[PDB]
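>>> Just to be clear, this is only the beginning of the complex, oriented as in the whole thing:
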Amino acid sequence: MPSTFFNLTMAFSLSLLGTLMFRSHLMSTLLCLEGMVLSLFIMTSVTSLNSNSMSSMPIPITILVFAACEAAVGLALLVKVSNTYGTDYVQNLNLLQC
Amino acid sequence: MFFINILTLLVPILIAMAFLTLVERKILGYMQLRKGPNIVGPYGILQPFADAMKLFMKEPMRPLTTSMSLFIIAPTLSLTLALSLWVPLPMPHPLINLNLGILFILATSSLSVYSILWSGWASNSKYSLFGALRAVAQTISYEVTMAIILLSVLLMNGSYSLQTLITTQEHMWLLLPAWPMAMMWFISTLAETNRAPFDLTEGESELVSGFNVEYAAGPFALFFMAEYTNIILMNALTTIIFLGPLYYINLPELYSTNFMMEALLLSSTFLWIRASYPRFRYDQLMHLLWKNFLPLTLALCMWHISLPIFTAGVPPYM
Amino acid sequence: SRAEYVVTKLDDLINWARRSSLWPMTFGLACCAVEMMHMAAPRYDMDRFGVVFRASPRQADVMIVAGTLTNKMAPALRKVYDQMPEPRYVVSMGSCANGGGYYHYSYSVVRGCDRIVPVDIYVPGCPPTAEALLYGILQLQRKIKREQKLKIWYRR
């Protein structure tokens, strides 16, 4: 349990490192966000099953709900980005500095 | 002895697949005013073995544009899931007694999609990708209705365990309470498995054998037998859920026999349906299965939530 | 008993498999394909013999050149024959494909599919009766039945 919680926190940190350190595409960033969601889910679920706190077990479903809504609007923004520029790259989004 | 049990569950299912191929060809023949295979065996009871052997002697195709990893791994996954789906099936006593069998089935099938969807991408070509995207659309169409149908049906059973449906159906079938859910479940099992009229991924006249155009040998054979195994699985599910056979604790082989009868009937019905109708369009499928099936599905879910209460028919938790 | 006899019977088995299940291609160019359809039709049913079509050339064991082969359609034929995975066989069907046919002396016709694909069996007619194409298919079966491959491998 402490082992797997350490590992899950390191996994969160890896996915956070990922979504911070960008590459060309944006879809990969959204996937890193989904991975952070998933690690947080598993942490919450394991704490709830360990402590036998069945009152908090409605929390991870809420996490999944709101994370999926987040993914939805991100993907809609991606649709708009492609309709504008055509190729998903995050380097073409460099005209607000001026 | 568990391994002998694995044998008695796995090898007869494969012979059943192999002879379902024969039955398909012959039934479609006689509906088409012809006799199917009657040459290679007495009445053609060796054509499946011939097809398998010939497919495993052909040279496999490793193209140049392909992604070989996903290419080889997708049929593996396909058959593995098709063959793990038979695991919790109570016929009547299952091999693996799970408490959430239907969720296992649902997740396993939603993962079975990825065989098509990665083989199509890995096989770098056009019709391949068309088949993949059509699979995406198909799953988008059917998954919601499958889940909410199954929820509404088990909302009078009381659990996700498959074995409790046998006691839920000790004196009746769930077809008379839920024939509409049964209709929609049947047609969603028809949209699942990529079976006509909802084929739309190996649609030989629209696409030139989508998601298999670059597969030749035993890989293609694996996809084939995965499809023809999922057919029997879904018929087994329909007849465990709605067409509940007789348990009779002293006579369990009676349950197994009536299960066999009903599963054969429903599989022959799949073949019948292939022979009778033309193909849908993969946007018309969306329009159908969102604008006709999902309204009625949600309405009947409301109904089946109300019904345990205003009838005092709340089932038991074990 | 003997390794050579065992090899002979094994080869008989593999030939039986490839012979009782040879999957042609939906590749028909001209009138002769109509008689191919008629062979697929009830009277002379092909699936009776384990001969059902497949649209992709990679899920196919044989191609039947049922029509006239032109200079514009020959690269496609050869691409398709190439893409077919070995073991593979060819049936030239009709005078227009055996030889040049009724269009032998024209500017846009290849005077036989012999020049582009290697043919195993020739079926004559304009058109060949589906009865006759069926005879030729069973003759190709008989040809596969006497392949003697593993025999010669043992004798290498």
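Great, that's in hand. Residues are numbered from 1 along each chain as shown, chains lettered A, B, ... in the order given.
>>> Where do the helices of chain A begin and end?
Ranges of helices in chain A, per DSSP state H, are A:2-20, A:27-51, A:58-85.
>>> Quick one: distance of the last one to the chain centre.
What it means is helix A:58-85. Helix A:58-85 sits 10 Å away from the centroid of its parent chain (CA atoms, centre = their mean, to the nearest Å).
>>> Report the angle between that helix and helix A:27-51.
Computed by axes from the mean of the first three to the mean of the last three CA atoms, to 10 degrees, the angle separating helix A:58-85 from helix A:27-51 equals 180 degrees.
>>> and helix A:58-85, what other elements does it pack with?
Under the contact criterion of 3 or more CB pairs under 8 Å, 6 or more residues apart in numbering or on different chains; DSSP states H and E, helix A:58-85 touches helix A:27-51. Where you see a C-beta, it was placed from the backbone N, CA and C, and this is true even at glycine.
>>> Who are the contact partners of the residue positioned nearest the centre of chain A?
By CA atoms, centre = their mean, chain A has its centre lying nearest to residue A:33, at 1.6 Å. Contact analysis of residue A:33 by CB atoms under 8 Å, 6 or more residues apart in numbering or on different chains lists A:15, A:19, A:67, A:70, A:71, A:74.
>>> following sequence is chain D, add it:
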Amino acid sequence: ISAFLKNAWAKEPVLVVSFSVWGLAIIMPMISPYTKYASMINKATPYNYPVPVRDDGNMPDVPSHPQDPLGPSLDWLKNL
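Below is chain D, added to the chains above:
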């Protein structure tokens, strides 16, 4: 509007069934008398131990034994 529903039962009868069944699901719980026995049956199920109680000496209505007259007679669940 009767004519409108007459038209909709021919064209688009799937949504008519849907709205009908929705309203029926909402209205029928209000109607039945059996609607109230559901909570009572869910309550009757003893998933957890009925923990005994100390005899203060002022517990008349509480029974001294399982099969005494007092307590909730579950015979309404029988012959419902």
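>>> so, the contacts of residue A:33 revisited with chain D in the model?
Residues in contact with residue A:33 (CB under 8 Å, 6+ apart) are A:15, A:19, A:67, A:70, A:71, A:74.
>>> just residue C:70 next, same as before
Applying CB under 8 Å, 6+ apart, we find residue C:70 in contact with C:108, C:109, C:110.
>>> which of those residues are buried?
Buried members of the contacts of residue C:70, counted by 16 or more other CB atoms under 10 Å in any protein chain shown: C:109, C:110.
>>> okay, the contacts of residue C:70 in a markdown table with distance to chain B and secondary structure next?
Below are the contacts of residue C:70 laid out as a markdown table (distance: CB to the nearest CB, whole Å; DSSP: H, G, I helix; E, B strand; the rest coil):
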| residue | distance to chain B | secondary structure |
| --- | --- | --- |
| C:108 | 26 | coil |
| C:109 | 26 | coil |
| C:110 | 24 | coil |
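>>> For the contacts of residue C:70, could you give me TSV that also reports distance to residue A:56?
Formatted as TSV, the contacts of residue C:70 follow (distance: CB to CB, whole Å):
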residue	distance to residue A:56
C:108	78
C:109	80
C:110	77
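>>> ok, of the contacts of residue C:70, which one's closest to chain D?
Among those, residue C:108 lies closest to chain D (CB to the nearest CB), at 55.7 Å.
>>> and chain E on top of that:
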Amino acid sequence: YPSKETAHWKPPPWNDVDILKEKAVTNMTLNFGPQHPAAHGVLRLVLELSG
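Okay, chain E now, added to the rest:
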């Protein structure tokens, strides 16, 4: 304040709508070829696809 780096910087538009090289319409192309069983015999039928 004109830096070396902000020298090429141009002032934005007044309606917040920049003029762009509108991306080329790179439709996908497909040979609905002769071997295709729906091609009634021999029919190349190059066709462009936006999906």
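>>> now that chain E has been added, could you go back to the contacts of residue C:70?
So residue C:70 contacts C:108, C:109, C:110 (CB under 8 Å, 6+ apart).
>>> doesn't residue C:69 make contact with the first one?
No - counting by CB atoms under 8 Å, residue C:108 does not reach residue C:69; the two are 10.1 Å apart.
>>> what residues do the two have in common as contacts?
With CB under 8 Å, 6+ apart, residue C:108 and residue C:69 have no common neighbours.
>>> neighbours of the closest residue to residue D:59 other than its chain neighbours, just the number please.
In this structure, residue D:59 finds its nearest non-sequential neighbour in residue D:53, 6.9 Å apart by CB to CB, 6 or more residues apart in numbering or on different chains. Residue D:53 is flanked by 8 other residues according to other CB atoms under 10 Å in any protein chain shown.
>>> Which secondary structure element is home to residue D:53?
Residue D:53 belongs to no helix or strand when assigned by DSSP states H and E.
>>> separation between it and residue C:38?
91 Å (CB to CB, to the nearest Å).
>>> What is the neighbour count of the residue of chain E found nearest chain D?
Closest to chain D within chain E is residue E:51: 28.7 Å, counting by CB to the nearest CB. When neighbours are counted by other CB under 10 Å, residue E:51 registers 6.
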